[PDB]
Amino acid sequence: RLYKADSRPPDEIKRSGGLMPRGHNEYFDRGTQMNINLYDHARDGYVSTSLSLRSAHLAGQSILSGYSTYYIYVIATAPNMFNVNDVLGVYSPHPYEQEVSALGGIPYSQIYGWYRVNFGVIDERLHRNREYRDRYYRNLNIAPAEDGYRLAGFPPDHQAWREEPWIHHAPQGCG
């Protein structure tokens, strides 16, 4: 499971088909086409999740400091997720953040549930999402770094498109 602290209430998150990036009005919106680049995101179509409640709450507390209420959505693992330190390698701008990004945003059926956070204090009551798709996400996992590499998005002159492993997965005109 991955954790993302957000101000937007679950009624809103449901109204939109998920936790969006900026550049999607709702989840199947191909109306605005968003720039999707992992390297640029990490420094851009991805939404950042954490590996622990702790980490999401911490990140939540700096950003959303003084919000009297926000939530920490508990998201399932599925292949739209990419581990950012595995894909960007020695070049991850924030290695300590051990961030896993979802390309596209996070669809509401992938949201397991959420915890209410009042005055920056987590209320231990995990409210379950009845619309979460249990059998489908039950055995799905994060996309493998192998698949991530062609999608890293380092610019064409970036020394990474000539080293392992990106040289073997560089697209047209990178390298």
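All residue numbers refer to positions in the sequence shown, first residue = 1.
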(message) Our gap detector needs a label for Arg43 to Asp44. Which class matches the unmodelled residues of the deposited sequence there: none, 1 to 3, 4 to 9, or 10 or more?
(response) 10 or more
(message) If you take the mean CA temperature factor per stretch, which one wins between 45-53 and 25-33?
(response) 25-33
(request) With reference to the PDB entry, specify whether the mean Cα temperature factor is higher for 110-118 or for 130-138. (result) 130-138
(request) Between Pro79, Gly89, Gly105, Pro95, let me know which has the highest C-alpha B-factor in the entry? (result) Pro95
(request) Would you mind ranking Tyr67 by its C-alpha B-factor against the rest of the chain and naming the third, lowest, middle or highest? (result) highest
(request) Classify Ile167 as lowest, middle or highest third according to the C-alpha B-factor given in the PDB entry, relative to its own chain. (result) highest
(message) Taking only the Cα B-factors deposited for this chain, tell me whether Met20 sits in the lowest, middle or highest third.
(response) highest
